[PDB]
């Protein structure tokens, strides 16, 4: 199953492999750009990129979805916020008091799905 293992010591400043998120969005999610890699189509407007600082991670996240992704918003453990971007369709699902680890999904001309890997607190 899903698991996590740490290697090394205690020094240094923390970093996350999930380093930046942007979206293209209109009334729905046309694309998500994860660490600079584009996933989806070219519709909508390109949001400015959210780039995480050291020790910063998504701690709350609302995704509206139906047969596709309609809307994304999140807040980090530092209190910074992204979105909401997208429209009011689908229905909202919220992750509360989490640490998002990775954002995978599926995309074509639009953002069909997201697979969110996170730690639940």
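Positions refer to the first chain, counted from 1.
- Between the stretches 92 to 100 and 29 to 37, it is 92 to 100 that shows the larger average CA temperature factor.
- You'll see in the entry that, of 65, 60, 49, 45, the Cα B factor peaks at 60.
- Remark: residue 2 belongs to the highest third of its chain, ranked by C-alpha B-factor as recorded.
- Annotation for residue 113: CA B-factor lies in the lowest third of the chain's modelled residues.
- For residue 54, the recorded CA temperature factor ranks within the highest third of the chain's modelled residues.
- Ranked by C-alpha B-factor against the other modelled residues of its chain, residue 20 falls in the lowest third.
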